[PDB]
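Chemist: Following this line is entry.cif, made up of mmCIF, C-alpha atoms and all ligand atoms:
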data_protein
loop_
_atom_site.label_atom_id
_atom_site.label_comp_id
_atom_site.auth_asym_id
_atom_site.auth_seq_id
_atom_site.Cartn_x
_atom_site.Cartn_y
_atom_site.Cartn_z
CA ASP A 1 205.84 60.72 131.56
CA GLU A 2 205.42 63.81 133.68
CA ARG A 3 201.91 63.46 135.32
CA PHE A 4 202.28 59.69 135.71
CA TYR A 5 205.46 59.90 137.79
CA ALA A 6 204.26 62.97 139.54
CA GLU A 7 200.73 61.77 140.20
CA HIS A 8 201.06 57.95 140.45
CA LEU A 9 204.55 56.39 140.71
CA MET A 10 206.39 58.77 143.02
CA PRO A 11 203.38 59.08 145.50
CA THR A 12 203.16 55.19 145.52
CA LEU A 13 206.83 54.83 146.32
CA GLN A 14 206.47 57.58 148.94
CA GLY A 15 203.84 55.52 150.65
CA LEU A 16 205.61 52.09 150.37
CA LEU A 17 209.24 53.09 151.26
CA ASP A 18 211.24 55.20 153.67
CA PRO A 19 213.24 57.80 151.81
CA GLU A 20 216.63 56.15 152.06
CA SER A 21 215.32 52.82 150.82
CA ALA A 22 213.55 54.64 147.94
CA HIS A 23 216.89 56.32 147.12
CA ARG A 24 218.76 53.04 147.09
CA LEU A 25 216.08 51.64 144.70
CA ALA A 26 216.59 54.68 142.47
CA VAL A 27 220.36 54.12 142.41
CA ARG A 28 219.85 50.47 141.44
CA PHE A 29 217.31 51.18 138.71
CA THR A 30 219.42 54.05 137.31
CA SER A 31 222.61 52.01 137.33
CA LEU A 32 220.91 49.02 135.63
CA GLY A 33 219.66 51.38 132.90
CA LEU A 34 216.11 50.16 133.66
CA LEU A 35 214.74 53.57 133.15
CA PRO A 36 213.79 54.49 129.59
CA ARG A 37 216.25 56.96 127.97
CA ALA A 38 215.34 60.61 127.96
CA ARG A 39 213.19 61.84 125.00
CA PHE A 40 214.37 65.50 125.13
CA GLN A 41 217.08 66.20 122.48
CA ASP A 42 219.18 69.13 123.83
CA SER A 43 219.12 72.30 121.64
CA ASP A 44 222.08 74.50 120.91
CA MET A 45 220.57 77.18 123.12
CA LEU A 46 221.35 75.00 126.13
CA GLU A 47 225.02 74.51 125.53
CA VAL A 48 227.39 76.28 127.99
CA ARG A 49 231.17 76.48 127.83
CA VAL A 50 232.70 76.98 131.27
CA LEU A 51 235.36 75.30 133.63
CA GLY A 52 237.36 74.22 130.63
CA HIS A 53 234.61 72.15 129.29
CA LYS A 54 231.45 72.07 127.00
CA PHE A 55 228.22 71.26 128.75
CA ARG A 56 225.53 70.05 126.40
CA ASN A 57 222.90 71.40 128.76
CA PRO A 58 223.18 73.26 132.04
CA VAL A 59 221.19 70.91 134.30
CA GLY A 60 223.26 68.62 136.48
CA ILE A 61 222.60 66.08 139.22
CA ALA A 62 223.75 67.52 142.54
CA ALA A 63 226.10 65.71 144.91
CA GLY A 64 224.41 63.23 147.22
CA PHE A 65 222.38 61.24 144.73
CA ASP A 66 225.30 59.16 143.51
CA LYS A 67 227.52 59.29 146.56
CA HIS A 68 229.68 56.36 145.47
CA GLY A 69 229.87 56.62 141.71
CA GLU A 70 227.43 53.76 141.02
CA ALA A 71 225.06 55.40 138.55
CA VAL A 72 226.99 57.84 136.37
CA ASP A 73 226.04 56.42 133.01
CA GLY A 74 222.38 56.07 133.95
CA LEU A 75 222.36 59.68 135.07
CA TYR A 76 223.57 60.87 131.68
CA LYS A 77 220.85 58.64 130.13
CA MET A 78 218.31 60.53 132.26
CA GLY A 79 219.28 63.74 130.43
CA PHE A 80 221.61 65.50 132.88
CA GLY A 81 224.24 67.68 131.14
CA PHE A 82 226.75 66.81 133.86
CA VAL A 83 227.05 64.50 136.84
CA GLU A 84 228.57 65.18 140.24
CA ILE A 85 229.34 62.18 142.41
CA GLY A 86 230.07 62.15 146.09
CA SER A 87 230.77 63.30 148.63
CA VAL A 88 233.55 60.74 148.84
CA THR A 89 235.66 60.44 152.00
CA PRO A 90 239.22 59.06 152.15
CA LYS A 91 238.46 55.98 154.21
CA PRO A 92 235.09 54.17 154.03
CA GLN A 93 232.68 55.31 156.71
CA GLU A 94 229.14 54.35 157.58
CA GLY A 95 227.63 57.73 158.32
CA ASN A 96 224.92 58.30 160.90
CA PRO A 97 222.40 55.74 162.18
CA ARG A 98 219.16 55.24 160.31
CA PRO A 99 216.71 56.77 159.85
CA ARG A 100 218.81 59.74 158.66
CA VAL A 101 216.66 61.07 155.71
CA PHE A 102 213.12 62.54 156.14
CA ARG A 103 210.54 63.69 153.64
CA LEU A 104 208.50 66.91 154.03
CA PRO A 105 206.07 66.29 151.25
CA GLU A 106 203.82 69.25 152.14
CA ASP A 107 206.88 71.49 151.68
CA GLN A 108 208.41 69.79 148.65
CA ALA A 109 211.45 69.37 150.92
CA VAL A 110 213.79 66.81 152.46
CA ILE A 111 215.90 66.91 155.62
CA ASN A 112 218.99 64.74 155.66
CA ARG A 113 221.73 63.91 158.11
CA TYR A 114 223.57 61.15 156.29
CA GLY A 115 226.88 62.11 157.78
CA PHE A 116 229.01 61.45 154.74
CA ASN A 117 228.36 57.74 154.35
CA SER A 118 230.97 56.75 151.78
CA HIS A 119 232.49 53.69 150.17
CA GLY A 120 235.77 55.66 150.30
CA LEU A 121 238.27 56.86 147.76
CA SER A 122 239.72 53.50 146.73
CA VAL A 123 236.42 51.87 145.92
CA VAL A 124 235.26 54.92 144.01
CA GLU A 125 238.58 55.17 142.18
CA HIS A 126 238.18 51.63 140.89
CA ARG A 127 234.62 52.26 139.84
CA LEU A 128 235.61 55.30 137.83
CA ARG A 129 238.64 53.51 136.33
CA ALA A 130 236.29 50.86 134.92
CA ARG A 131 234.82 53.53 132.66
CA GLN A 132 237.58 56.14 132.53
CA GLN A 133 237.92 56.22 128.74
CA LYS A 134 234.18 56.08 128.31
CA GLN A 135 234.03 59.19 130.44
CA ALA A 136 236.76 60.89 128.41
CA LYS A 137 234.58 60.50 125.35
CA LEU A 138 231.44 61.66 127.20
CA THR A 139 233.31 64.76 128.45
CA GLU A 140 234.52 65.52 124.91
CA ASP A 141 230.92 65.16 123.75
CA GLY A 142 229.72 67.78 126.33
CA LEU A 143 228.89 65.55 129.35
CA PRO A 144 231.42 66.30 132.11
CA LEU A 145 231.95 64.59 135.47
CA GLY A 146 232.45 66.25 138.81
CA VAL A 147 233.67 64.66 142.05
CA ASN A 148 232.77 66.08 145.46
CA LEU A 149 235.43 65.38 148.08
CA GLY A 150 234.65 65.01 151.76
CA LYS A 151 236.59 64.32 154.92
CA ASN A 152 236.32 61.56 157.41
CA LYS A 153 234.57 62.15 160.68
CA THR A 154 237.52 61.36 162.78
CA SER A 155 240.20 62.98 160.70
CA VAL A 156 242.69 65.23 162.58
CA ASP A 157 243.77 67.04 159.44
CA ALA A 158 240.98 68.09 157.13
CA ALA A 159 243.22 69.61 154.48
CA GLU A 160 245.08 66.30 154.17
CA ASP A 161 241.79 64.43 153.65
CA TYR A 162 240.99 66.81 150.84
CA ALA A 163 244.50 66.53 149.41
CA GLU A 164 244.17 62.74 149.34
CA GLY A 165 240.92 63.13 147.44
CA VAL A 166 242.55 65.39 144.90
CA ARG A 167 245.36 62.92 144.33
CA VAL A 168 243.16 59.85 144.09
CA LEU A 169 240.08 61.14 142.21
CA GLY A 170 241.32 64.33 140.60
CA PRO A 171 242.83 62.30 137.76
CA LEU A 172 239.37 60.87 137.03
CA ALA A 173 237.40 64.11 137.29
CA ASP A 174 236.62 67.16 135.16
CA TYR A 175 236.10 69.16 138.32
CA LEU A 176 236.53 68.60 142.02
CA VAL A 177 234.50 70.15 144.84
CA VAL A 178 235.46 70.99 148.38
CA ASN A 179 232.58 71.92 150.79
CA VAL A 180 233.31 74.68 153.23
CA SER A 181 231.40 75.51 156.45
CA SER A 182 231.23 78.87 158.24
CA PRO A 183 232.24 78.74 161.83
CA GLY A 184 238.87 81.58 159.81
CA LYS A 185 239.81 83.29 156.52
CA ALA A 186 243.52 82.38 157.01
CA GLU A 187 242.45 78.75 157.69
CA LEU A 188 240.35 78.68 154.50
CA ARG A 189 243.23 80.11 152.54
CA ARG A 190 245.60 77.52 153.93
CA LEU A 191 243.25 74.64 153.10
CA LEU A 192 242.56 75.79 149.59
CA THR A 193 246.23 76.56 148.88
CA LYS A 194 247.00 72.93 149.77
CA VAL A 195 244.21 71.60 147.58
CA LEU A 196 245.30 73.73 144.64
CA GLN A 197 248.95 72.71 145.02
CA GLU A 198 247.92 69.05 144.86
CA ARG A 199 245.74 69.70 141.80
CA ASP A 200 248.56 71.59 140.05
CA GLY A 201 250.79 68.56 140.58
CA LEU A 202 248.65 66.33 138.41
CA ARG A 203 249.52 65.74 134.75
CA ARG A 204 247.67 68.09 132.43
CA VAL A 205 245.17 65.73 130.92
CA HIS A 206 244.36 64.57 134.50
CA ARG A 207 244.20 68.12 136.04
CA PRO A 208 240.63 69.10 137.09
CA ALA A 209 239.06 72.40 137.92
CA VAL A 210 238.55 73.01 141.68
CA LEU A 211 235.33 74.48 143.04
CA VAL A 212 234.26 75.40 146.56
CA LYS A 213 230.72 74.51 147.67
CA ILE A 214 229.06 76.70 150.22
CA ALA A 215 226.16 76.73 152.49
CA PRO A 216 223.33 79.08 152.45
CA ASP A 217 223.94 79.84 156.13
CA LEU A 218 227.01 82.02 155.97
CA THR A 219 227.25 85.39 157.54
CA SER A 220 227.80 88.40 155.32
CA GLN A 221 231.40 88.51 156.55
CA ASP A 222 231.95 84.86 155.72
CA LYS A 223 230.79 85.54 152.16
CA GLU A 224 233.13 88.51 151.84
CA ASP A 225 236.00 86.32 153.08
CA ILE A 226 235.19 83.48 150.66
CA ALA A 227 234.94 85.85 147.76
CA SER A 228 238.30 87.36 148.68
CA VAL A 229 240.09 84.01 149.04
CA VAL A 230 238.59 82.50 145.92
CA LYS A 231 239.71 85.44 143.80
CA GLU A 232 243.17 85.53 145.45
CA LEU A 233 243.87 81.87 144.89
CA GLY A 234 242.24 81.54 141.49
CA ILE A 235 239.66 78.93 142.60
CA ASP A 236 237.86 77.89 139.40
CA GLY A 237 234.29 78.20 140.59
CA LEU A 238 231.72 78.07 143.35
CA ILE A 239 228.80 75.70 144.01
CA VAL A 240 226.00 77.69 145.63
CA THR A 241 224.39 76.13 147.76
CA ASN A 242 224.40 73.08 149.97
CA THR A 243 221.44 72.40 152.24
CA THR A 244 220.41 74.75 155.02
CA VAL A 245 220.44 74.25 158.76
CA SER A 246 217.87 76.99 159.01
CA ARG A 247 214.18 76.24 159.26
CA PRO A 248 212.26 78.90 157.34
CA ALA A 249 209.02 79.96 158.85
CA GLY A 250 206.11 78.14 157.26
CA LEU A 251 207.42 74.60 157.03
CA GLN A 252 204.51 72.24 157.51
CA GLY A 253 205.98 68.76 157.46
CA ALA A 254 205.67 66.86 160.72
CA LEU A 255 209.44 66.18 160.48
CA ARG A 256 210.53 69.84 160.18
CA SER A 257 212.40 69.74 163.49
CA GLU A 258 214.63 66.80 162.65
CA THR A 259 218.34 67.62 162.68
CA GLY A 260 219.96 67.92 159.30
CA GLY A 261 220.18 69.88 156.10
CA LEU A 262 216.96 71.09 154.46
CA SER A 263 216.67 70.94 150.67
CA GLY A 264 214.01 71.54 148.05
CA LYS A 265 211.50 74.34 147.73
CA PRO A 266 212.08 76.04 151.07
CA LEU A 267 215.77 76.46 150.16
CA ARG A 268 215.21 77.80 146.67
CA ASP A 269 215.27 81.54 147.16
CA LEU A 270 217.82 81.50 149.94
CA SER A 271 220.11 79.74 147.38
CA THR A 272 219.33 82.12 144.54
CA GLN A 273 220.09 85.11 146.78
CA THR A 274 223.42 83.48 147.79
CA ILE A 275 224.32 83.08 144.13
CA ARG A 276 223.40 86.73 143.53
CA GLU A 277 225.60 87.90 146.33
CA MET A 278 228.57 85.72 145.43
CA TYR A 279 228.36 86.73 141.80
CA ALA A 280 228.46 90.41 142.79
CA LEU A 281 231.27 89.92 145.30
CA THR A 282 233.35 88.16 142.67
CA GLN A 283 232.54 90.69 139.91
CA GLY A 284 231.08 87.91 137.78
CA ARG A 285 234.58 86.49 137.21
CA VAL A 286 234.02 83.22 139.03
CA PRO A 287 231.74 80.61 137.51
CA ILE A 288 228.90 79.55 139.75
CA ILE A 289 226.95 76.27 139.74
CA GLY A 290 223.58 77.17 141.22
CA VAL A 291 221.79 74.62 143.38
CA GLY A 292 218.85 74.51 145.78
CA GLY A 293 215.17 74.06 145.09
CA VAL A 294 215.20 73.79 141.31
CA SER A 295 212.04 72.10 140.00
CA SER A 296 211.18 74.15 136.91
CA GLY A 297 212.60 76.19 134.11
CA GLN A 298 211.72 79.38 135.99
CA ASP A 299 213.68 78.15 138.95
CA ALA A 300 216.70 77.42 136.77
CA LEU A 301 216.51 80.74 134.94
CA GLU A 302 216.27 82.70 138.14
CA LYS A 303 219.53 81.14 139.25
CA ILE A 304 221.18 81.74 135.85
CA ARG A 305 220.05 85.35 135.79
CA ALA A 306 221.37 85.78 139.34
CA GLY A 307 224.81 84.58 138.19
CA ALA A 308 224.86 80.79 137.75
CA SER A 309 226.49 79.37 134.63
CA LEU A 310 225.10 75.89 135.37
CA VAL A 311 222.46 74.53 137.76
CA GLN A 312 221.99 71.29 139.66
CA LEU A 313 219.05 69.57 141.30
CA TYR A 314 218.46 66.63 143.56
CA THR A 315 215.36 66.97 145.75
CA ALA A 316 212.97 67.57 142.83
CA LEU A 317 213.95 64.20 141.36
CA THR A 318 212.74 62.54 144.55
CA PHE A 319 209.30 64.07 144.16
CA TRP A 320 208.77 64.12 140.42
CA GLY A 321 211.09 61.40 139.14
CA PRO A 322 213.14 61.37 135.98
CA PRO A 323 210.79 63.46 133.91
CA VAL A 324 211.73 66.50 135.87
CA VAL A 325 215.05 66.70 134.00
CA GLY A 326 213.45 67.17 130.62
CA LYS A 327 210.78 69.41 132.13
CA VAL A 328 213.37 71.84 133.49
CA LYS A 329 215.26 71.85 130.18
CA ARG A 330 212.21 72.32 128.02
CA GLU A 331 210.83 75.11 130.25
CA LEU A 332 214.22 76.83 130.42
CA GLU A 333 214.54 76.83 126.64
CA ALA A 334 211.05 78.32 126.31
CA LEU A 335 211.76 81.03 128.87
CA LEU A 336 215.06 82.00 127.27
CA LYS A 337 213.30 82.53 123.98
CA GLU A 338 210.44 84.49 125.59
CA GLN A 339 212.87 86.80 127.42
CA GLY A 340 214.95 87.43 124.32
CA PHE A 341 218.06 85.50 125.18
CA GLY A 342 220.10 83.80 122.52
CA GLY A 343 221.03 80.94 124.78
CA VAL A 344 221.96 80.16 128.38
CA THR A 345 225.19 82.01 128.04
CA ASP A 346 223.49 85.31 127.29
CA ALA A 347 221.35 85.03 130.45
CA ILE A 348 224.19 84.36 132.90
CA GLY A 349 224.20 87.23 135.40
CA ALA A 350 221.58 89.20 133.40
CA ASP A 351 219.97 90.55 136.56
CA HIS A 352 223.19 92.41 137.41
CA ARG A 353 223.00 94.59 134.32
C1 LIG B 401 219.64 63.24 150.51
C2 LIG B 401 220.68 64.32 150.20
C3 LIG B 401 222.03 64.01 150.36
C4 LIG B 401 223.05 64.97 150.05
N1 LIG B 401 224.38 64.63 150.15
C5 LIG B 401 225.31 65.56 149.73
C6 LIG B 401 226.72 65.19 149.69
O1 LIG B 401 227.16 64.05 149.92
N2 LIG B 401 227.55 66.23 149.30
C7 LIG B 401 227.18 67.46 148.98
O2 LIG B 401 228.02 68.35 148.63
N3 LIG B 401 225.89 67.84 148.95
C8 LIG B 401 225.02 66.88 149.31
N4 LIG B 401 223.66 67.22 149.30
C9 LIG B 401 223.24 68.58 148.91
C10 LIG B 401 222.83 68.71 147.45
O3 LIG B 401 223.95 68.50 146.58
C11 LIG B 401 222.28 70.07 147.11
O4 LIG B 401 223.35 71.04 147.39
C12 LIG B 401 221.06 70.50 147.95
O5 LIG B 401 220.25 69.33 148.28
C13 LIG B 401 220.20 71.55 147.32
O6 LIG B 401 219.66 71.09 146.03
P1 LIG B 401 218.15 70.49 145.93
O7 LIG B 401 217.24 71.46 146.69
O8 LIG B 401 217.91 70.44 144.41
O9 LIG B 401 218.19 69.10 146.55
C14 LIG B 401 222.66 66.25 149.58
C15 LIG B 401 221.30 66.53 149.48
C16 LIG B 401 220.30 65.58 149.76
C17 LIG B 401 218.84 65.94 149.54
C1 LIG B 402 209.46 58.44 146.86
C2 LIG B 402 210.95 58.77 146.94
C3 LIG B 402 211.73 58.56 145.83
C4 LIG B 402 213.23 58.77 146.00
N1 LIG B 402 214.05 58.72 144.92
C5 LIG B 402 213.74 58.19 143.70
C6 LIG B 402 214.09 58.93 142.58
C7 LIG B 402 213.98 58.31 141.36
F1 LIG B 402 214.31 58.98 140.27
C8 LIG B 402 213.36 57.03 141.18
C9 LIG B 402 213.30 56.37 139.83
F2 LIG B 402 213.94 57.08 138.95
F3 LIG B 402 213.77 55.14 139.86
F4 LIG B 402 212.03 56.20 139.55
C10 LIG B 402 213.05 56.35 142.34
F5 LIG B 402 212.52 55.07 142.35
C11 LIG B 402 213.18 56.89 143.60
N2 LIG B 402 213.57 59.29 147.14
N3 LIG B 402 214.83 59.73 147.47
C12 LIG B 402 214.62 60.10 148.74
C13 LIG B 402 215.81 60.69 149.49
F6 LIG B 402 216.17 59.89 150.46
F7 LIG B 402 216.83 60.95 148.68
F8 LIG B 402 215.40 61.81 150.07
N4 LIG B 402 213.36 60.11 149.17
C14 LIG B 402 212.65 59.55 148.16
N5 LIG B 402 211.39 59.24 148.13
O1 LIG B 403 224.94 64.31 155.39
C1 LIG B 403 225.55 64.23 154.29
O2 LIG B 403 226.23 63.32 153.90
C2 LIG B 403 225.40 65.48 153.48
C3 LIG B 403 224.18 66.14 153.46
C4 LIG B 403 223.99 67.34 152.89
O3 LIG B 403 222.89 67.91 152.85
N1 LIG B 403 225.07 67.98 152.36
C5 LIG B 403 226.29 67.37 152.41
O4 LIG B 403 227.31 68.08 151.93
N2 LIG B 403 226.46 66.11 152.95
NA NA B 404 242.11 59.63 130.52
NA NA B 405 244.27 58.36 130.75
#
Please express the file's structure as structure tokens.

Modeler:
Amino acid sequence: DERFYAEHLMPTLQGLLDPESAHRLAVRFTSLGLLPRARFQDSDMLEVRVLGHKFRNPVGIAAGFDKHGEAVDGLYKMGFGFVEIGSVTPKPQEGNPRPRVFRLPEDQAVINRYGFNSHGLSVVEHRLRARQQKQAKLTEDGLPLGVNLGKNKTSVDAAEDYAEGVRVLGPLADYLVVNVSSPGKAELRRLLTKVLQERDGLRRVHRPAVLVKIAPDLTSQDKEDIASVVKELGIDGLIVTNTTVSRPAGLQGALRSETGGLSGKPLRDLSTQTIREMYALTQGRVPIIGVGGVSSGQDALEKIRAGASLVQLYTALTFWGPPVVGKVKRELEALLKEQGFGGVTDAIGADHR
């Protein structure tokens, strides 16, 4: 229940546990199915067909919650229309020293500097294999799986790390994600060409879509360059956005000046505006998964109207708990009807017209 979690459980956990420990508890409870199944039965208005797949609803769990593929089934039970795991790196790596995750409760925000802690591709591969046919059925039933691919800290050849990820986890995924960072266009083209070649080499029923995930912190020129390369190469979609290294004016949390990526409410509109720009630069031809500061149906609809076909959230779950998933869905449905839309699909990019 919505007020309970929001007003009692999540504030209690906030006071008892550091954020990373609270996250690990969440992963364990979700994976053990200890959480009651979601009440909200998805309506037809929420169904989206994009990336070669049906999505029963457009609200996904963003990368970073289930870094290692431990909680996929429990995430679907929570009501998410799709799950993205990762980021997964080729070799296991520990990530940064702890503490490396900080709450900014006053801002409805988090700052993290995990540093791509990962069990690595082989461990994750075996985890996914344990439920590969279960996932095939879930995907057919409108509940797809994405895999976000990272690179190891010490790697000398980033494109090869990504290529390894494609080869190892691509066969287990409906879509793959590669994160790109600003500080060039020829290097992005080269990387993505390699990734796409590896994807194209997989057998058809094991051949995923490939998306690029971007930061909110790109220059205008960087965005132009990404739009150009993604259209040229036929990248299947964009994930817009990762966390920000900016610190918007007005942050109140004591921990605002910690190094890392900022998520949650302070990111929201910077993300929506990035979606809007990318959608325009790509002429609406490139599906966008919109991410950053979604806590309500309004938040989701703003991203859809700006050009997102699907949305994800993470940070809101850490503040409001599982009920937030059904809240966003229910509010989105209500807003679509109020604004005269037949369904999600009809609202995609509606601001641009
Ligand atoms: C604790 C934490 C860890 C994250 N780890 C990853 C990651 O491994 N890979 C990735 O692509 N994005 C990662 N992200 C970014 C999220 O996927 C998402 O892009 C961002 O947090 C904005 O959404 P939100 O405001 O709903 O959290 C992480 C975010 C948080 C809060
Ligand atoms: C209070 C709190 C809660 C939490 N995640 C979380 C999220 C959850 F959904 C639950 C659940 F579902 F089990 F109830 C849970 F126990 C914990 N995180 N996750 C973080 C982190 F590290 F991801 F930022 N901080 C948190 N703080
Ligand atoms: O530090 C990480 O692992 C991580 C954090 C984040 O915000 N985004 C990401 O892509 N990785
Ligand atoms: Na299969
Ligand atoms: Na198979």

Chemist: Per residue of range 212-253 of chain A within 12 Å of range 299-304 of chain A, which atom pair is closest and at what distance in Å (one decimal), using all atoms listed in the file, listed by chain and increasing number, as a tab-separated table?

Modeler:
residue	atom	partner	partner_atom	distance
A:239	CA	A:303	CA	11.8
A:240	CA	A:303	CA	9.7
A:241	CA	A:303	CA	11.0

Chemist: Considering only C-alpha atoms, can you say which of A:22, A:111, A:166, A:280 comes closest to residue 125 in chain A?

Modeler: A:166

Chemist: Can I get the residues close to ligand NA 404 (chain B) as a PyMOL selection string, where close means within 12 Å and we count all atoms listed in the file?

Modeler: chain A and resi 128-140+169-174+203-208

Chemist: Atom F1 of ligand LIG 402 (chain B) to CA of residue 43 in chain A: how many Å, to one decimal?

Modeler: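 Atom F1 of ligand LIG 402 (chain B) sits 23.4 Å away from CA of residue 43 in chain A.
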
Chemist: Near residue 322 in chain A, counting all atoms listed in the file, which residues have an atom at most 10 Å away, once you skip same-chain residues fewer than 6 positions from it, shown as a JSON list (two decimals) with C-alpha atoms, keeping the file's coordinate frame?

Modeler:
[["chain", "number", "residue", "atom", "x", "y", "z"],
["A", 1, "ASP", "CA", 205.84, 60.72, 131.56],
["A", 2, "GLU", "CA", 205.42, 63.81, 133.68],
["A", 5, "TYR", "CA", 205.46, 59.90, 137.79],
["A", 6, "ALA", "CA", 204.26, 62.97, 139.54],
["A", 26, "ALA", "CA", 216.59, 54.68, 142.47],
["A", 30, "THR", "CA", 219.42, 54.05, 137.31],
["A", 35, "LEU", "CA", 214.74, 53.57, 133.15],
["A", 36, "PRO", "CA", 213.79, 54.49, 129.59],
["A", 37, "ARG", "CA", 216.25, 56.96, 127.97],
["A", 38, "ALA", "CA", 215.34, 60.61, 127.96],
["A", 75, "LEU", "CA", 222.36, 59.68, 135.07],
["A", 78, "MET", "CA", 218.31, 60.53, 132.26],
["A", 79, "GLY", "CA", 219.28, 63.74, 130.43],
["A", 80, "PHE", "CA", 221.61, 65.50, 132.88],
["A", 316, "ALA", "CA", 212.97, 67.57, 142.83]]

Chemist: Kindly compile the residues surrounding ligand LIG 403 (chain B) within 7 Å, counting only C-alpha atoms and all ligand atoms, and format them as a ChimeraX atom specification.

Modeler: /A:64,87,112-117,179,242-243,261-262
